[PDB]
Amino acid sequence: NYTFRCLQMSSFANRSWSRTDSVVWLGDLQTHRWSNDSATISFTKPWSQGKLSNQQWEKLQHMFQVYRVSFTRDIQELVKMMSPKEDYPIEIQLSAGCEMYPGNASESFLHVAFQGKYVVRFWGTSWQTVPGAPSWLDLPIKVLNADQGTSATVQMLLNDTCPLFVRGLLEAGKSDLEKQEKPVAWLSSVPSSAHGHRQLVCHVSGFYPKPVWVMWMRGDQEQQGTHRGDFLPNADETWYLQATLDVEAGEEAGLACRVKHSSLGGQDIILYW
């Protein structure tokens, strides 16, 4: 079960200054980047072309090159329509892709945010504003929906190209997608926000894939004070997580941190404080 997402970030500061940059993810691994400064889309894996021929990839890339220029022009024009109703700076984000369900299934999506808020999606055969989107967007969306060529291309991309491309990525990227990297753990302590206490920290770094279990223990007893942080990325396509425990002075003795992970083969790491 993998989410494939193409993430477009477009910034318009004035009529003269704008940039569009994109990144593409297959699950939590980056497969592409396309900087504003680059004419072509960059591969960030050896397998980023999936199973498409150079012909098919080039046709896709050319379509996206035309899109990037056209989108920029359209936005700066489709500003003036409902402007100075609205005006600069303008931030647009687009998230498009597909989720590859069990067996044969997949569902595609194309969502757009304006000034950090979801306003528009493509759905079935047309663009639509979401309930509560600013009413001024209705006219620009009507203008976009009159362009049947764009509609047909987006329909193709969502219905056909996305799942097609992703099947090929999954096959081509198998050894990376299924990689197992082992966590290494360590213990430290930092100041607590509560008086009379210290915060014990169990650090877990370098593991892949994400799913992991980390708990402070006193023997077989799980310490329910265990506060798991967020998954934080390392720069080498592995993960970091810490689990903290606020403990009373002289209650530290007997505590351990226990880590379970798919890569360890049932052989948990246990560190004692």
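From 1 onward, residues are counted along the sequence shown.
Engineer: Look over 200-208 and 38-46 in the entry and identify the one with the greater average Cα temperature factor.
Structural biologist: The stretch with the larger mean CA B-factor is 38-46.
Engineer: Pick between 154-162 and 83-91: the one whose mean CA B-factor in the entry is higher.
Structural biologist: Comparing 154-162 with 83-91, the higher mean C-alpha B-factor belongs to 83-91.
Engineer: So among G103, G116, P183, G132, who wins on Cα B-factor in the entry?
Structural biologist: Comparing C-alpha B-factors across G103, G116, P183, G132, the maximum falls on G103.
Engineer: Highest Cα temperature factor in the entry, among the options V24, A13, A256, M9: which one is it?
Structural biologist: Max CA B-factor in the entry, restricted to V24, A13, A256, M9: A13.
Engineer: Can you tell me whether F4 has a C-alpha B-factor in the lowest, middle or highest third compared with the other modelled residues of the same chain?
Structural biologist: As the PDB entry reports it, the C-alpha B-factor of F4 lands in the middle third of its chain.
Engineer: Split the chain's modelled residues into thirds by Cα B-factor; is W136 in the lowest, middle or highest one?
Structural biologist: Tercile = highest for this residue's CA B-factor.
Engineer: Of the three thirds of its chain by CA temperature factor, lowest, middle or highest, which one includes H111?
Structural biologist: According to the entry, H111 has a C-alpha B-factor in the chain's lowest third.
Engineer: Lowest, middle or highest third: which one holds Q30 when the chain's residues are ordered by CA B-factor from the entry?
Structural biologist: CA B-factor rank for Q30: lowest third.
Engineer: By the record's CA B-factor, is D236 among the lowest, middle or highest third of residues in the chain?
Structural biologist: According to the entry, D236 has a C-alpha B-factor in the chain's lowest third.
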